[PDB]
$ cat run-v7.tsv   # TSV, C-alpha atoms
chain	number	residue	atom	x	y	z
A	633	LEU	CA	-16.88	-1.45	-27.39
A	634	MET	CA	-14.53	1.52	-26.99
A	635	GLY	CA	-14.48	0.72	-23.26
A	636	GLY	CA	-16.37	2.39	-20.45
A	637	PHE	CA	-19.80	2.42	-18.82
A	638	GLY	CA	-22.88	1.59	-20.82
A	639	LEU	CA	-25.68	3.87	-19.66
A	640	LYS	CA	-29.32	3.76	-20.72
A	641	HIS	CA	-29.61	7.26	-19.23
A	642	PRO	CA	-26.14	8.83	-19.58
A	643	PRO	CA	-25.10	12.29	-18.35
A	644	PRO	CA	-27.19	14.65	-20.48
A	645	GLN	CA	-25.97	16.92	-23.24
A	646	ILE	CA	-25.25	20.45	-22.08
A	647	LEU	CA	-25.90	22.80	-24.98
A	648	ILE	CA	-24.75	26.41	-25.12
A	649	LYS	CA	-25.23	29.24	-27.60
A	650	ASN	CA	-24.73	32.98	-27.84
A	651	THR	CA	-28.00	34.84	-28.17
A	652	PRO	CA	-28.05	36.74	-31.50
A	653	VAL	CA	-27.69	40.49	-30.98
A	654	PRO	CA	-28.68	42.24	-34.23
A	655	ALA	CA	-27.01	45.25	-35.77
A	656	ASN	CA	-29.06	48.36	-36.56
A	657	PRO	CA	-32.19	47.56	-38.60
A	658	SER	CA	-33.35	49.70	-41.47
A	659	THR	CA	-35.58	52.60	-40.45
A	660	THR	CA	-38.28	51.19	-42.75
A	661	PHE	CA	-39.84	47.80	-42.12
A	662	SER	CA	-38.45	44.74	-43.88
A	663	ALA	CA	-40.18	41.38	-43.50
A	664	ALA	CA	-36.94	39.54	-44.29
A	665	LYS	CA	-35.08	37.95	-41.40
A	666	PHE	CA	-31.95	39.48	-39.94
A	667	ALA	CA	-28.70	38.54	-41.64
A	668	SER	CA	-26.65	41.21	-39.83
A	669	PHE	CA	-25.58	40.55	-36.24
A	670	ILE	CA	-23.08	42.03	-33.83
A	671	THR	CA	-20.01	39.80	-33.82
A	672	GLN	CA	-19.47	38.50	-30.31
A	673	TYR	CA	-18.22	35.51	-28.35
A	674	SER	CA	-18.57	34.36	-24.77
A	675	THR	CA	-16.16	32.95	-22.23
A	676	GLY	CA	-16.42	31.65	-18.69
A	677	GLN	CA	-15.61	28.78	-16.38
A	678	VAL	CA	-17.05	25.28	-16.20
A	679	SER	CA	-16.97	22.86	-13.25
A	680	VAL	CA	-17.72	19.14	-13.21
A	681	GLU	CA	-17.71	17.24	-9.90
A	682	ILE	CA	-18.14	13.46	-10.24
A	683	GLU	CA	-18.36	11.11	-7.25
A	684	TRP	CA	-16.89	7.67	-7.92
A	685	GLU	CA	-17.50	4.48	-5.97
A	686	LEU	CA	-14.41	2.38	-5.32
A	687	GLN	CA	-13.98	-1.37	-4.94
A	688	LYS	CA	-11.10	-2.27	-2.64
A	689	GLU	CA	-8.99	-5.38	-3.12
A	690	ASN	CA	-8.98	-8.41	-0.80
A	691	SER	CA	-6.16	-10.52	-2.23
A	692	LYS	CA	-4.34	-13.07	-0.09
A	693	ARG	CA	-1.46	-12.95	-2.56
A	694	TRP	CA	1.99	-13.39	-1.06
A	695	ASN	CA	4.36	-12.01	-3.71
A	696	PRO	CA	4.30	-8.33	-4.76
A	697	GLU	CA	2.10	-7.16	-7.61
A	698	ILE	CA	2.64	-5.30	-10.86
A	699	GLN	CA	1.83	-1.63	-10.38
A	700	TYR	CA	2.01	1.47	-12.52
A	701	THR	CA	5.15	3.37	-11.60
A	702	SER	CA	7.26	6.20	-12.93
A	703	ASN	CA	10.84	5.39	-13.80
A	704	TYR	CA	13.56	7.04	-11.72
A	705	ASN	CA	15.93	7.26	-14.71
A	706	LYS	CA	16.69	10.87	-15.58
A	707	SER	CA	15.35	12.59	-18.67
A	708	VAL	CA	15.04	16.01	-20.25
A	709	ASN	CA	11.33	16.15	-19.35
A	710	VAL	CA	9.31	14.66	-16.52
A	711	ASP	CA	6.41	12.52	-17.75
A	712	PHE	CA	2.90	14.05	-17.62
A	713	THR	CA	4.37	17.53	-17.26
A	714	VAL	CA	4.69	20.70	-19.35
A	715	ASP	CA	7.85	21.20	-21.37
A	716	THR	CA	9.87	24.42	-21.68
A	717	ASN	CA	7.21	25.83	-24.04
A	718	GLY	CA	4.37	25.18	-21.61
A	719	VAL	CA	2.90	22.32	-23.65
A	720	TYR	CA	1.40	19.55	-21.55
A	721	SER	CA	1.81	16.06	-22.95
A	722	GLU	CA	0.84	12.55	-21.91
A	723	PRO	CA	3.60	10.10	-22.90
A	724	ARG	CA	1.74	6.78	-22.85
A	725	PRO	CA	-1.78	5.39	-22.38
A	726	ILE	CA	-2.34	4.22	-18.82
A	727	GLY	CA	-4.80	1.36	-18.56
A	728	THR	CA	-6.50	0.42	-15.33
A	729	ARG	CA	-5.73	-3.32	-15.04
A	730	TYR	CA	-2.70	-3.70	-12.76
A	731	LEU	CA	-3.92	-5.63	-9.73
A	732	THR	CA	-4.77	-9.32	-10.07
A	733	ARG	CA	-7.67	-11.56	-9.14
A	734	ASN	CA	-8.20	-15.31	-9.41
A	735	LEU	CA	-10.81	-16.77	-11.74
B	219	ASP	CA	-5.88	-27.62	30.43
B	220	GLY	CA	-5.49	-31.29	29.55
B	221	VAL	CA	-3.26	-33.64	27.59
B	222	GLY	CA	-5.62	-34.16	24.66
B	223	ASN	CA	-6.87	-30.58	24.57
B	224	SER	CA	-5.40	-27.79	22.47
B	225	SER	CA	-4.34	-24.68	24.40
B	226	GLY	CA	-4.27	-22.31	21.43
B	227	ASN	CA	-4.92	-21.86	17.73
B	228	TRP	CA	-2.92	-20.73	14.71
B	229	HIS	CA	-3.16	-16.96	14.28
B	230	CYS	CA	-1.08	-15.75	11.34
B	231	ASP	CA	-2.78	-12.83	9.65
B	232	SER	CA	-2.56	-9.11	8.94
B	233	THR	CA	-5.51	-6.72	9.14
B	234	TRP	CA	-5.47	-3.20	7.70
B	235	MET	CA	-8.29	-1.10	9.14
B	236	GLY	CA	-7.30	2.52	8.64
B	237	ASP	CA	-4.55	4.28	10.57
B	238	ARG	CA	-3.68	0.91	12.16
B	239	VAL	CA	-2.37	-2.44	11.01
B	240	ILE	CA	-2.19	-5.49	13.27
B	241	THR	CA	0.33	-8.14	12.19
B	242	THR	CA	-0.03	-11.58	13.77
B	243	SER	CA	2.49	-14.40	13.38
B	244	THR	CA	2.68	-17.98	14.58
B	245	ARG	CA	5.73	-20.24	14.47
B	246	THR	CA	6.68	-23.68	15.75
B	247	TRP	CA	9.75	-23.84	17.98
B	248	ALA	CA	12.06	-26.44	19.49
B	249	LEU	CA	13.91	-25.91	22.76
B	250	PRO	CA	16.80	-28.23	23.65
B	251	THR	CA	18.70	-28.55	26.91
B	252	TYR	CA	21.40	-25.88	26.97
B	253	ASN	CA	24.77	-26.44	28.71
B	254	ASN	CA	23.31	-29.68	30.19
B	255	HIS	CA	21.37	-27.53	32.72
B	256	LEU	CA	24.51	-25.67	33.81
B	257	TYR	CA	25.68	-22.10	34.19
B	258	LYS	CA	29.12	-21.70	32.67
B	259	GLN	CA	31.65	-18.91	32.84
B	260	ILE	CA	32.63	-18.12	29.27
B	261	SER	CA	35.45	-15.86	28.16
B	262	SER	CA	37.78	-15.27	25.28
B	263	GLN	CA	40.74	-17.59	24.89
B	264	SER	CA	44.09	-16.48	26.32
B	265	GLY	CA	45.63	-16.15	22.89
B	266	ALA	CA	43.51	-13.41	21.36
B	267	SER	CA	43.54	-9.76	20.39
B	268	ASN	CA	42.84	-7.09	23.00
B	269	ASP	CA	39.85	-5.94	20.93
B	270	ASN	CA	38.35	-9.44	21.08
B	271	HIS	CA	38.62	-10.17	24.81
B	272	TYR	CA	35.28	-10.81	26.48
B	273	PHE	CA	33.97	-12.22	29.74
B	274	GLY	CA	30.48	-13.48	30.40
B	275	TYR	CA	28.15	-16.35	31.20
B	276	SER	CA	26.08	-18.85	29.25
B	277	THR	CA	22.76	-19.95	30.73
B	278	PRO	CA	20.54	-23.03	30.27
B	279	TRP	CA	17.78	-20.62	29.26
B	280	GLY	CA	16.54	-20.05	25.75
B	281	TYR	CA	15.00	-16.77	24.59
B	282	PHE	CA	12.35	-15.79	22.07
B	283	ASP	CA	13.14	-12.93	19.73
B	284	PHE	CA	10.93	-11.39	17.06
B	285	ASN	CA	13.04	-8.29	16.39
B	286	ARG	CA	12.97	-8.57	12.60
B	287	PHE	CA	10.38	-7.03	10.30
B	288	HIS	CA	9.87	-10.26	8.35
B	289	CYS	CA	8.75	-11.91	11.60
B	290	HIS	CA	5.53	-9.90	11.36
B	291	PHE	CA	5.25	-8.60	7.78
B	292	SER	CA	4.98	-10.70	4.66
B	293	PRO	CA	6.53	-9.19	1.49
B	294	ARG	CA	3.05	-8.31	0.23
B	295	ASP	CA	2.23	-6.74	3.60
B	296	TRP	CA	5.55	-4.90	3.57
B	297	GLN	CA	4.72	-3.58	0.10
B	298	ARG	CA	1.37	-2.25	1.39
B	299	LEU	CA	3.28	-0.55	4.20
B	300	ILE	CA	5.89	1.25	2.12
B	301	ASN	CA	3.97	2.49	-0.94
B	302	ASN	CA	1.10	4.00	1.04
B	303	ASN	CA	2.48	5.46	4.25
B	304	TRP	CA	4.77	8.32	5.21
B	305	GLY	CA	5.46	6.70	8.56
B	306	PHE	CA	4.80	3.86	10.97
B	307	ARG	CA	5.50	2.88	14.57
B	308	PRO	CA	4.49	0.08	16.94
B	309	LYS	CA	1.76	0.56	19.54
B	310	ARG	CA	1.32	-2.67	21.49
B	311	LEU	CA	2.11	-6.35	21.26
B	312	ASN	CA	0.56	-9.58	22.47
B	313	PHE	CA	2.62	-12.71	23.05
B	314	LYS	CA	1.52	-16.34	23.46
B	315	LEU	CA	3.15	-19.72	24.04
B	316	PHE	CA	0.87	-22.73	23.62
B	317	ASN	CA	0.57	-26.41	22.65
B	318	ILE	CA	3.75	-27.29	24.50
B	319	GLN	CA	5.03	-30.86	24.12
B	320	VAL	CA	7.95	-32.09	26.22
B	321	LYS	CA	9.53	-35.02	24.39
B	322	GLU	CA	11.85	-37.38	26.24

$ encode --input "run-v7.tsv" --output "structure tokens"
Amino acid sequence: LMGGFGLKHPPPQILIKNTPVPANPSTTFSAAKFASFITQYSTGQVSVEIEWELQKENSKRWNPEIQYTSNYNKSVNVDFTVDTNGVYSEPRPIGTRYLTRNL
Amino acid sequence: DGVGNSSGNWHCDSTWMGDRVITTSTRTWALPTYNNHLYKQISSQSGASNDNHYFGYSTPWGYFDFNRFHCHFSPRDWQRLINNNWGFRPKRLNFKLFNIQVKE
């Protein structure tokens, strides 16, 4: 109901966790679990590559169609572009329904 | 090639199949008798500017011209051409005259 593709078997959850590296244990045995760990974080790169099937249009429509366009009118910032502080912003929600089809 | 037999069909279409597009048109024409079958010397009138003086000939012949882009492209086909392509050029053409009816 939020829009999208209903999948009985969706793309699976990809779960990630730093392995606990303990600090130095006591030189005598303690049966209690470790509460002291070396503080650490991880970083790295992640790649997703999705292949999408397209459905081309076969309209015999004469007049031109509504399409998503940028405006040529000047502005302080180009849409879908970083500003002078390096902050990327998206100005408006772009839906996907621009071409037409007869019922 | 008979009286009650069609000598051609209506082809008016546009097919986009990759790096090519073929645009086909079909129109109905009417050809009258020009100059009453005569060749005539035409020129500018004697009272005229020097820039506007001409000399030539008119013929009884008509001519077909399709040297306009709307002759081959619809506005929807022109919109497909201009929002998707950095360039275009013509490659070949095919011409037909058919279903000719001489009315007296």

$ closest_atom_pairs --input "run-v7.tsv" --of "chain B" --to "chain A" --cutoff "12 Å" --atoms "all atoms listed in the file" --output "JSON lines"
{"residue": "B:231", "atom": "CA", "partner": "A:692", "partner_atom": "CA", "distance": 9.9}
{"residue": "B:232", "atom": "CA", "partner": "A:692", "partner_atom": "CA", "distance": 10.0}
{"residue": "B:233", "atom": "CA", "partner": "A:690", "partner_atom": "CA", "distance": 10.7}
{"residue": "B:234", "atom": "CA", "partner": "A:690", "partner_atom": "CA", "distance": 10.6}
{"residue": "B:291", "atom": "CA", "partner": "A:694", "partner_atom": "CA", "distance": 10.6}
{"residue": "B:292", "atom": "CA", "partner": "A:694", "partner_atom": "CA", "distance": 7.0}
{"residue": "B:293", "atom": "CA", "partner": "A:695", "partner_atom": "CA", "distance": 6.3}
{"residue": "B:294", "atom": "CA", "partner": "A:696", "partner_atom": "CA", "distance": 5.1}
{"residue": "B:295", "atom": "CA", "partner": "A:694", "partner_atom": "CA", "distance": 8.1}
{"residue": "B:296", "atom": "CA", "partner": "A:696", "partner_atom": "CA", "distance": 9.1}
{"residue": "B:297", "atom": "CA", "partner": "A:696", "partner_atom": "CA", "distance": 6.8}
{"residue": "B:298", "atom": "CA", "partner": "A:696", "partner_atom": "CA", "distance": 9.1}
{"residue": "B:299", "atom": "CA", "partner": "A:696", "partner_atom": "CA", "distance": 11.9}
{"residue": "B:300", "atom": "CA", "partner": "A:696", "partner_atom": "CA", "distance": 11.9}
{"residue": "B:301", "atom": "CA", "partner": "A:699", "partner_atom": "CA", "distance": 10.5}

$ atom_distance --input "run-v7.tsv" --atom1 "atom CA of residue 255 of chain B" --atom2 "atom CA of residue 226 of chain B"
28.5 Å

$ atom_distance --input "run-v7.tsv" --atom1 "atom CA of residue 230 of chain B" --atom2 "atom CA of residue 314 of chain B"
12.4 Å

$ atom_distance --input "run-v7.tsv" --atom1 "atom CA of residue 687 of chain A" --atom2 "atom CA of residue 728 of chain A"
12.9 Å

$ closest_residue --input "run-v7.tsv" --among "B:303, B:319, B:222, B:257" --to "residue 275 of chain B" --atoms "all atoms listed in the file"
B:257

$ residues_around --input "run-v7.tsv" --residues "residue 219 of chain B" --least-positions-apart "4" --cutoff "12 Å" --atoms "all atoms listed in the file" --output "list in words"
residues 223, 224, 225, 226, 316, 317 and 318 of chain B

$ residues_around --input "run-v7.tsv" --residues "residue 244 of chain B" --least-positions-apart "5" --cutoff "10 Å" --atoms "all atoms listed in the file" --output "number ranges by chain"
B: 227-231, 289-290, 313-315

$ closest_residue --input "run-v7.tsv" --among "B:274, B:256, B:240, B:322" --to "residue 308 of chain B" --atoms "only C-alpha atoms"
B:240

$ closest_residue --input "run-v7.tsv" --among "B:236, B:250, B:265, B:220" --to "residue 279 of chain B" --atoms "all atoms listed in the file"
B:250

$ build_atoms --input "run-v7.tsv" --residues "segment 225-236 of chain B" --atoms "N, CA and C atoms" --output "PDB file, in the frame of the given file"
ATOM      1  N   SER B 225      -4.386 -25.871  23.565  1.00  0.00           N
ATOM      2  CA  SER B 225      -4.340 -24.680  24.400  1.00  0.00           C
ATOM      3  C   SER B 225      -4.157 -23.408  23.578  1.00  0.00           C
ATOM      4  N   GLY B 226      -4.364 -23.481  22.272  1.00  0.00           N
ATOM      5  CA  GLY B 226      -4.270 -22.310  21.430  1.00  0.00           C
ATOM      6  C   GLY B 226      -4.340 -22.648  19.964  1.00  0.00           C
ATOM      7  N   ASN B 227      -4.692 -21.667  19.149  1.00  0.00           N
ATOM      8  CA  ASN B 227      -4.920 -21.860  17.730  1.00  0.00           C
ATOM      9  C   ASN B 227      -3.887 -21.085  16.916  1.00  0.00           C
ATOM     10  N   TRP B 228      -3.891 -21.327  15.611  1.00  0.00           N
ATOM     11  CA  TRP B 228      -2.920 -20.730  14.710  1.00  0.00           C
ATOM     12  C   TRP B 228      -3.453 -19.378  14.262  1.00  0.00           C
ATOM     13  N   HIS B 229      -2.812 -18.309  14.703  1.00  0.00           N
ATOM     14  CA  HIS B 229      -3.160 -16.960  14.280  1.00  0.00           C
ATOM     15  C   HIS B 229      -1.988 -16.406  13.487  1.00  0.00           C
ATOM     16  N   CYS B 230      -2.160 -16.271  12.177  1.00  0.00           N
ATOM     17  CA  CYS B 230      -1.080 -15.750  11.340  1.00  0.00           C
ATOM     18  C   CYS B 230      -1.743 -14.962  10.221  1.00  0.00           C
ATOM     19  N   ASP B 231      -1.868 -13.658  10.428  1.00  0.00           N
ATOM     20  CA  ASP B 231      -2.780 -12.830   9.650  1.00  0.00           C
ATOM     21  C   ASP B 231      -2.257 -11.400   9.714  1.00  0.00           C
ATOM     22  N   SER B 232      -2.821 -10.544   8.872  1.00  0.00           N
ATOM     23  CA  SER B 232      -2.560  -9.110   8.940  1.00  0.00           C
ATOM     24  C   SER B 232      -3.825  -8.387   8.531  1.00  0.00           C
ATOM     25  N   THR B 233      -4.269  -7.452   9.366  1.00  0.00           N
ATOM     26  CA  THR B 233      -5.510  -6.720   9.140  1.00  0.00           C
ATOM     27  C   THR B 233      -5.208  -5.235   9.041  1.00  0.00           C
ATOM     28  N   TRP B 234      -5.636  -4.623   7.948  1.00  0.00           N
ATOM     29  CA  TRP B 234      -5.470  -3.200   7.700  1.00  0.00           C
ATOM     30  C   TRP B 234      -6.832  -2.550   7.863  1.00  0.00           C
ATOM     31  N   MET B 235      -6.976  -1.671   8.849  1.00  0.00           N
ATOM     32  CA  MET B 235      -8.290  -1.100   9.140  1.00  0.00           C
ATOM     33  C   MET B 235      -8.224   0.413   9.319  1.00  0.00           C
ATOM     34  N   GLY B 236      -7.317   1.074   8.614  1.00  0.00           N
ATOM     35  CA  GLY B 236      -7.300   2.520   8.640  1.00  0.00           C
ATOM     36  C   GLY B 236      -5.937   3.092   8.957  1.00  0.00           C
TER      37      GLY B 236
END
